[PDB]
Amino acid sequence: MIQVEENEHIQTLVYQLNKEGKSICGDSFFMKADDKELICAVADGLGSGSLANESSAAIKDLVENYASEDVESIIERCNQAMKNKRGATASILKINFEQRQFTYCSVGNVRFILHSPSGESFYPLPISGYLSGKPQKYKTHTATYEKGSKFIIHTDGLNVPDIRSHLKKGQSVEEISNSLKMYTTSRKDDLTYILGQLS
């Protein structure tokens, strides 16, 4: 499935498809943008069946409900919610449009890449482990982005040799999404990604 949204400050696209033959998706996402800010999150539950979904879905719900909190506060609520559950890998991103500032916090193998028109990228390494309900030492990144920056957040079901190149070349989130098409046809795992193009 594909969901697109747009306002004066951002255009986004969410894509999600299940593993081939698999009824219950283990990945979840949440995204909301208004005229002032964006919140979004992508998670991949551990385990399988309903139990993977229960973990990543809990993240989706908490991010929606606590969207006004800082990313580190939100991700700690998610961690707490994992206590008697499978757990999940997850990434949370907030953007304030007027300041062109983003904040980001993640644990596990959900990746985030932000490409700037100047040619610099923010492309953090994955933090080992996952959100299990045990204590974590979070790393929050805060940075300014330039107009024209394009980003993706994706689960491990998307495996792309040179993700930066697709962000650089694409001139719209629809084009980038189309640019990634060959990596979505196998469906070896659930595949979720959120793309954004920032004004």
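Just so we're on the same page, rigid core means the largest C-alpha set that superposes within 1.5 Å between forms. Residues carry their position along the shown sequence, with the first being 1.
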{"item": "Higher-deviation stretch (C-alpha RMS, rigid core fit) in 5 other deposited structures of this protein, choosing from 148-156 and 44-52", "value": "44-52"}
{"item": "Selected stretch [higher average CA B-factor]: 178-186 or 12-20", "value": "178-186"}
{"item": "97-105 or 114-122, whichever carries the higher mean Cα B-factor", "value": "114-122"}
{"item": "Per the PDB entry, maximal CA B factor within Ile163, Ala52, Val42, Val173", "value": "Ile163"}
{"item": "For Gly157, the third of its chain into which the C-alpha B factor falls", "value": "middle"}
{"item": "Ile2, C-alpha B-factor rank within chain (lowest, middle or highest third)", "value": "highest"}
{"item": "Modelled-residue ranking by C-alpha temperature factor, third containing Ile92", "value": "lowest"}
{"item": "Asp27 - which third its CA temperature factor falls in, relative to the rest of the chain", "value": "lowest"}
{"item": "Relative C-alpha B-factor of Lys147, binned into the chain's lowest, middle or highest third", "value": "middle"}
